[PDB]
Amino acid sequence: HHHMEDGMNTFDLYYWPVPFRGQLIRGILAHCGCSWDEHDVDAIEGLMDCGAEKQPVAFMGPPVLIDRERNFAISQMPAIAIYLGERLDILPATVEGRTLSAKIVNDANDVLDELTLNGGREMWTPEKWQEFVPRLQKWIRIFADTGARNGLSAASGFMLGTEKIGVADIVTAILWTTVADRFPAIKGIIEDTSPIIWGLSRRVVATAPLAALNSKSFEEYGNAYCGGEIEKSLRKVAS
């Protein structure tokens, strides 16, 4: 229930119609009960190609978020997540807690890149995948460990030991659940490696706003994850 005095959405988001890097931002917006505009592929490619001076903020790739209330534009998913966390009051009250939240979002940003071999010409093979599994397990344990130092269990608690869901929880939950729900090998690795991260992620996305976002994303995007050709190769190795 927050829009402008002419009824326009407070936020304007540019990100591809796949539940990938910008899904983490859509999750933060949805959790906090925000409404936002989206754009199609042609509009997103246009924004990338119009020249630095004509962009809302100079950026390389999406997501890009415009905050119409503050007349402010931001790119880089980790910068957008922490910005929204401050703006929407879902970060911890300490510099330490805010800083760990930045660490966790950057870690998430990194896992997304490693899952997709940095979105370039490199494809998965069964061999690259088997090499990667232990590293993916290590990433899962990096998340599980920060939770564990803050009292996290499968059944209760949040990532940074807070009273409520914060950015850290949202980004963690959307990262792991989105890929789990689409690639059975990865789902099995998460379940086998960290029950505590499984439980936290599944509790967070069971909340009404995120359960509704998850369903709406399936109905809009089908089974897409990233996708392009890189998705096809991940499907071959991680199903």
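The numbering used is simple: start at 1 and walk along the sequence shown.
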In the PDB record, does 144 to 152 or 117 to 125 carry the higher mean Cα temperature factor? 117 to 125
72 to 80 set against 96 to 104, stretch whose average Cα temperature factor tops the other in the entry: 96 to 104
Out of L65, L29, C50, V204, which shows the largest CA B-factor listed in the entry? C50
Residue with highest C-alpha B-factor in the PDB entry, from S35, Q55, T178, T172: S35
Divide the modelled residues of the chain into thirds by Cα B-factor and specify which third, lowest, middle or highest, holds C226. highest
Should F158 be placed in the lowest, middle or highest third of its chain by the C-alpha B factor in the entry? middle
Among all modelled residues of this chain, ranked by Cα B factor, put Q130 in the bottom, middle or top third, i.e. lowest, middle or highest. highest
Chain-relative CA temperature factor third for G188: lowest
Can you tell me whether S215 has a C-alpha B-factor in the lowest, middle or highest third compared with the other modelled residues of the same chain? middle
